[PDB]
């Protein structure tokens, strides 16, 4: 049923998510329904795609341990030695964790809209000093909390430790984590990282826009946080363009919001912006062309 070999890499394509919703009897709450039609697409284009289901809310390290094991499982099932890791948002540091502890199993790291240098939104939530802001922060936090609370007992129950998760995406936390997994991370505030280290290729591409299409129920929300992330808004609404640069930046100015990056919602995006599905299918080609 696969029509072409355009995204047929040597080593399998592994996608790691991050920051998602409650797993109701849907199909892939935080799996296939996270990467809207990217996976099946890359699948028909000849690729070998595996989505990883880690804890949505927990520390980069715990998520890392979770991911790693699935990575091994996959290596065992495929029989292929190394894998190509592709992480979105929190998935970014989450694949870096694996890269840092098993560089022999990792062929390439690709991070999309990852808060490597941290996210200002993460800090704000944790604030206590800044009474007025802190108010709206604690509040927003309580709501975001309420929304998942509305789910209740998660069938696929993953160790839920949101505090640590937040502390892992903070300006401090991300620095602390970088100091230990600095492979690919830039030394300059807003420069690139190493193209390759420990024989691993590293790529990062992100968006720098909040409002993409007003039909996206979430643009309203993303615009809110965009101002928290950066007044001048050089961000996807959550992660500044600077904090998302890692290794080789394919392109860091897509007319995509933090969700457009994963082709959300339902594939709603700016009028003239490149199609996530095709950008991914294009990256998948480059890895193949890199013999990865």
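Numbering follows the first chain given and starts at 1.
- For the pair 242-250 and 259-267, the mean Cα B-factor is higher in 242-250.
- Mean CA temperature factor is higher for 153-161 when stretches 176-184 and 153-161 are set side by side in the entry.
- Among the modelled residues of its chain, residue 11 has a C-alpha B-factor that falls in the middle third, as given in the PDB entry.
- Among the modelled residues of its chain, residue 58 has a C-alpha B-factor that falls in the highest third according to the deposited record.
- Annotation for residue 79: C-alpha temperature factor in the middle third relative to the rest of the modelled chain, per the entry.
- Per the PDB record, residue ranking by Cα B-factor puts residue 65 in the highest third of the chain.
- Looking at the C-alpha B-factors along this chain, the one for residue 209 belongs to the highest third.
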